[PDB]
Structures are given as structure tokens and as C-alpha cells.
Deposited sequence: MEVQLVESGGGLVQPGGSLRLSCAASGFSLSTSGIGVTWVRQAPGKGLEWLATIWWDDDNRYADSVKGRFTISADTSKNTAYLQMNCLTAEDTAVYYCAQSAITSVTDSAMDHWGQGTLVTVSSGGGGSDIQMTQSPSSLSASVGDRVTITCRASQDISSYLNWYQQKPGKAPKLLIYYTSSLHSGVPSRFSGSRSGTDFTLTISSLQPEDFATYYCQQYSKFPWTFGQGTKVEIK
């Protein structure tokens, strides 16, 4: 018995790809089933779908409505049609034979696998903030920094998000204060480094602060800095 997977490669997110599993040494017509399983890089095994000789088929919730298992017995080959692909679908895809004996149901004669990489990327601008959290007291002055992975001119904004609330724009275009934002807040730039300074910290400043660049699409955000006041 042998199973051979084909069809993997690079594919765009939201794209589609069809994998094939070609069987030698048995007939898919015959207690026989073919199953797909995947393994994301460095992770464990994830059962995806099984198709039986009687047209019986079963799917994992992670792929139902996106992937379709089928077989063409005239070609002794099973297929995994993978639509709506996501970054989480990057993995080696294996097929395996499941030969009922009812108590004796196992996945056997696994193929060598085929790698599917869901990716478009290295040009996205990464914004990194530091610190990721800080604590200070009423009246204090605190600074939050971000760094762009490439020059973004002055096309950087800062948002404040209080717990349970939507973000509010605080500073735009590096240093312009939004209406309603008092002048104890300020924003500055030195090259790829940007600083939000909060003077005279108040209890209402308890929030997570995010930078965001609009030099290029995709628009990207820093990971946030949580400010606690105690």
C-alpha cells in the first residue's frame, strides 16, 4: 500500500488550492477510507476530514464550509479542495488509509505529506511599542515609545482605549492634538522613533495606548501600552 500527496505550494490568503492523494496497492471502492490530517510547523497532528467507500464523509469544525473531501474511484485518488485559506492553514498535509476491521479503525500507510504555505508580506510596516505596561501615580509624567520598522515620515497617530470602550483618537500626524485632548498630552518624532508623553497623569488616563502608522497600507498598530495609575 502507498499513498502519494500532491498539490501543495504557496497560496495567497483567501485563495484556494486542491490537494490530491493518489493510492496504490488497494482500491478506494472497497471498509476503506481516506483521511486528511495536517501538522502546522512545530505543532501536533490535526484531523481534518475522512471520506469512506460508501460516500460517507466527516469534517473537523476547523475546516467545515471551507474544505471539501472527495474521491474519484476511477483514478483511485482522493482530493482535499481547500477554499478560503488562512494563515492558520499553513501546514504539511498528509493523507492516510483507514481500513475498517469495527474495533480496528486506524490511520495507516500515511503519505510523505505536502506543504501548503498560505502567504502573500515582508513589506508590511511593523510598529513596536515599549514599555508594554507601566504603573505610575497621579501627577507623574510618563513616556511611551514606538518604533516603525521603516521610515513612515510623520504619518503616525496615537489612540487611547479605556477598559470596555472603543479607542479614541488622541494625537494625529505625530504631534497634532485631537479636539478635546488637553495640552498635558504631546507627541513627538525622532526618525523612526515616536514618543507619546502624558504630563500630570490623572486617574482617567487608565487605559491602553496604541500607535498606528498610515504611511502605507496595510495600516498597522503597535501592540499597545497599558497604563495603570496607583
Missing residue ranges, deposited sequence indexing starting at 1: 1 to 2, 33, 105, 125 to 126
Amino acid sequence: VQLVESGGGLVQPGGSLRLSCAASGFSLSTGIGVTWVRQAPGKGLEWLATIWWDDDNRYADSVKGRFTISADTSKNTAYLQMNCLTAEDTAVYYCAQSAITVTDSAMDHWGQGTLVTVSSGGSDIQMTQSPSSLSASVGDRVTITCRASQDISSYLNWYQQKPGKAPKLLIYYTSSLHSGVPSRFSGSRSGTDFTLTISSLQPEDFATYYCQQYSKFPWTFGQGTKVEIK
From here on, numbers count along this sequence of modelled residues.
Stretch exceeding the other in mean C-alpha B-factor - 219 to 227, 4 to 12: 4 to 12
Between the two ranges 44 to 52 and 65 to 73, the one averaging a larger CA B factor in the entry: 65 to 73
Identity of residue with top Cα B-factor, from 96, 146, 102, 156: 102
From 173, 194, 26, 185, residue of greatest CA B-factor: 26
Modelled-residue ranking by C-alpha temperature factor, third containing residue 169: lowest
Record-listed C-alpha B factor of residue 60: chain third: middle
Chain thirds of CA B-factor: placement of residue 134: lowest
Entry-reported Cα temperature factor of residue 78, expressed as the chain third it lands in: highest
Third assignment of residue 114 from its chain's C-alpha B-factors: highest
